[PDB]
Amino acid sequence: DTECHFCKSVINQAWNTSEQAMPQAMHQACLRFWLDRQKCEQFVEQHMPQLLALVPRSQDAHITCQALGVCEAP
Amino acid sequence: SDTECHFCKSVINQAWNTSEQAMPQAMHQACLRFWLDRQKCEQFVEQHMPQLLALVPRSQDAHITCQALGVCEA
Amino acid sequence: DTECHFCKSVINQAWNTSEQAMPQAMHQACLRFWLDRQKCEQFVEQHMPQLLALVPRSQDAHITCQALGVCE
Amino acid sequence: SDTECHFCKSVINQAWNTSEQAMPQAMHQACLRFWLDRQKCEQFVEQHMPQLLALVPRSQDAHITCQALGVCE
């Protein structure tokens, strides 16, 4: 298998793990707040679609590996 | 207002920290799915580790990211 | 002199150019909507700071060049 | 009337296409800033152009970018 193949598989798994861990990670971050715990958690929930869109999708693995210089090499 | 901005930066910073810490394990898991090419996959990761770890934004990016989400006006 | 220096300077200049060009580019994109040109331009106006925030800042040059493999 | 999501995706894709088209000249001009080794800078740009151009998102990324801005569900 090529290096491009390795790069996409490795990055795809990193993004998949990041996407699934992000809700819990952001929820826990709100625990650092006192009088403002609930407002923080409501913020996280209300903006969850936006926040989760911060992780690239599997379709982006190739162009990301191109940026690293390993996919679709001349 | 700035408290929403405060929430956004804190939750996003935590997600990025969690993602960065998990990335080596995640990429390792991706190479274990290979049989004859486990070693080749792991070699790719080792040679490109500084680049791959650079795929997670740094805390300095929390404010502008939250500006893109529409919560940290300026 | 270092490749890292070249990479950071060159990418930052591209981002500055992109940031400078983005308002006109988005205005032209609204021309593709027929009968809803003003609604599209109204969207652009309402979300301009967010859209402009999509261009990375100079502070991101180093980590971007690190991903490209030229800055440690 | 058409959706805000449709405006957002078209507007961002247009911006990215403009950036991608302008990037080669912009980076070439950026090397003029180096007065001791301009040719070395231009060599870096040329050698790494495929990587540099890949920093512009592709049209397939319009939806998720507009989702991050909060306009596409």
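This deposited entry lists X-ray crystallography as its structure determination method and 1.90 Å as its resolution.

## Points about the side chain of D:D61
Within the secondary structure, D:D61 sits in the loop between α3 (49-53) and α4 (62-68). Buried within the structure, D:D61 lacks any salt-bridge partner; D:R58 is the closest side chain of opposite charge, at an N-O distance of 6.2 Å. Not counting residues up to four positions away in its chain, the partners in contact with D:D61 are A:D60 and D:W16.

## Focus on the interface of chain B and chain A
When the parts of a complex come together, some accessible area is lost, and that lost area is often taken as the interface size. In this assembly, 32 residues from chain B lie in contact with 31 residues from chain A. Roughly 2600 Å² of surface becomes buried between chain B and chain A when both sides are summed, with 76% attributable to carbon and sulfur atoms. Among the residues of chain B in contact with chain A, B:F7, B:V11 and B:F44 are the three that bury the most area, contributing 24% of the side total. Linking chain B with chain A are 7 residue pairs in polar contact. If you list the elements that add at least two residues to the side of chain B that touches chain A, you get α1 (2-32) and α2 (38-53) of chain B.

## As for the side chain of A:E41
As for its position among the elements, A:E41 is in helix α2 (residues 37-46). The residues contacting A:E41, other than those within four sequence positions of it, are A:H27, A:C30 and A:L31.

## Quick look at the UniProt feature "disulfide bond" in chain C
Residues and elements named next belong to chain C. Formation of the UniProt-listed bridge between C7 and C65 is supported by an S-S distance of 2.0 Å, under 2.5 Å. You can see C7 sitting in helix α1 (residues 3-30) and its partner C65 sitting in helix α3 (residues 61-67), a full 58 residues away along the chain. The exposure class of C7 is buried, given its relative accessible area of 0%. The sulfur atoms of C30 and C40, a pair UniProt annotates as disulfide-bonded, sit 2.0 Å apart here, close enough for the bond to be present.

The rules behind these values
- Residues numbered from 1 in each chain as written, not as in the entry; some residues may be left out.
- Chains lettered and ligands numbered in written order.
- Heavy atoms only, no water.
- Helix = DSSP H or I, 4+ residues; strand = E, 2+ residues; numbered from the N terminus.
- Buried < 20%, exposed > 50% of the residue type's maximum accessible area, 1.4 Å probe, protein only.
- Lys, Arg positive; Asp, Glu negative; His and termini not counted.
- Salt bridge = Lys/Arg side-chain N within 4 Å of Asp/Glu carboxyl O.
- Contact = heavy atoms within 4.5 Å.
- Buried area = accessible area lost by both parts, 1.4 Å probe.
- Polar contact = N/O pair within 3.5 Å; in protein donor to acceptor, adjacent residues only side chain to side chain.
- Disulfide = S-S within 2.5 Å.
- UniProt positions renumbered as here; feature names shortened; annotations may be inferred.

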